[PDB]
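All residue numbers in this chain count up from 1 along the given sequence.
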Amino acid sequence: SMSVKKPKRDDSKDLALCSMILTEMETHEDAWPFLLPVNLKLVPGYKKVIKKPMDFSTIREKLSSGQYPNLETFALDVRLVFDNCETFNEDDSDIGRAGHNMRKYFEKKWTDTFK
């Protein structure tokens with residue numbers, strides 16, 4: 001509350017550390033369904049079904065241009081990629097499995113880096 005603050009967690013490395021995590025996600029072998037925006041002209045149903053498309057290249061542009069106010073807003077866009085994936089793809093598909101693997105990979109890096 002006013003003039004009463006919890007001790008200040010050091011957030012000065014967050015930008016760099018999120019960038020690293022993102023690089024690791026970009027270079028994982030199962031990243032291929034997530035590297036670029038889904039092409040809304042060419043994938044029937046995507047535009048109408050997925051309210052908020054997200055992909056690693058778009059996350060990378062937002063990051064580089066100061067559009068994440070903090071590390072939680074970055075984690076929300078990453079998780080959005082995998083939530084979108086689960087919404088549109090069967091678990092038993094290559095893309096569905098990809099998304100499950102990438103989320104697992106992300107969540108471990110997130111906890112080891114910050115928690």
Please report the shortest heavy-atom distance between [X] and [Y], naming the atom on each side.
| X | Y | result |
| --- | --- | --- |
| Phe114 | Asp14 | CE2-OD1, 3.5 Å |
| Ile95 | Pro33 | CG2-CB, 4.0 Å |
| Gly96 | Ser93 | N-OG, 3.0 Å |
| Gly99 | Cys85 | CA-SG, 4.0 Å |
| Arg103 | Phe82 | NH2-C, 3.4 Å |

Cationic N near anionic O, under 4.0 Å, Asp30 to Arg97: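 Salt bridge absent between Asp30 and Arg97.
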Between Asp112 and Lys108, does at least one N-O distance fall below 4.0 Å, as a salt bridge requires?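 Looking at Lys108 together with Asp112, the answer is yes, because their closest N to O distance falls below 4.0 Å.
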Members other than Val49 in its cluster, when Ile, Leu, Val, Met, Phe, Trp, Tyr link by side-chain heavy atoms under 4.5 Å?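 Other cluster members: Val38, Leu40, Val43, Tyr46, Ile50, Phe88.
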With distance as the sole criterion, is a donor-acceptor pair present between the side chains of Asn84 and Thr87 under 3.5 Å?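 Side chains of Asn84 and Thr87: no pair found under 3.5 Å.
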Taking atom [atom1] of [X] and atom [atom2] of [Y], what is their separation to the nearest 0.5 Å?
| X | Y | atom1 | atom2 | answer |
| --- | --- | --- | --- | --- |
| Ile59 | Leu76 | CD1 | CG | 10.5 Å |
| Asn101 | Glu29 | CG | CD | 9.5 Å |
| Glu24 | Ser19 | CD | OG | 10.0 Å |
| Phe56 | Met25 | CZ | CE | 4.5 Å |
| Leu35 | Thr58 | CG | OG1 | 11.0 Å |

Apply side chain to side chain contact (heavy atoms under 4.5 Å, CB included) to the pair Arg79 and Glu107, showing each step before the final yes or no. CA-CA 9 Å; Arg79 290 170 185 144; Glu107 293 303 348; 2.8 Å; yes
Using the rule that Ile, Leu, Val, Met, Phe, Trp and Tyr join whenever any side-chain heavy atoms are under 4.5 Å apart, tell me whether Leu22 and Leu15 fall into a single cluster.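 Shared cluster, yes.
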Side-chain touch [X]/[Y], heavy atoms, less than 4.5 angstrom:
| X | Y | result |
| --- | --- | --- |
| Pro53 | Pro37 | no |
| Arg9 | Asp11 | yes |
| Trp110 | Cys18 | yes |

Neighbour count >12 (heavy atoms, 6.0 Å) for atom NZ, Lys51: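 Atom NZ in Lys51 is crowded, with more than 12 foreign heavy atoms closer than 6.0 Å.
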For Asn39, does the CG atom have more than 12 heavy-atom neighbours from other residues, nucleotides or ligands under 6.0 Å away?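 Enclosed.
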Apply ring-ring contact (aromatic ring centres under 6.0 Å, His included) to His100 and list each qualifying residue two or more places apart in sequence or on a separate chain.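 Expected list: none.
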Kindly list each side-chain donor-acceptor pair under 3.5 angstrom involving residues 65-75, sequence neighbours excluded, with atom names and distances?
| residue | atom | partner | partner atom | Å |
| --- | --- | --- | --- | --- |
| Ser65 | OG | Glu61 | O | 2.6 |
| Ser65 | OG | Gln67 | NE2 | 2.7 |
| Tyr68 | OH | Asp77 | OD2 | 2.5 |
| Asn70 | OD1 | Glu72 | N | 2.9 |
| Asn70 | OD1 | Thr73 | N | 3.0 |
| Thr73 | OG1 | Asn70 | N | 3.4 |
| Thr73 | OG1 | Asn70 | O | 2.8 |

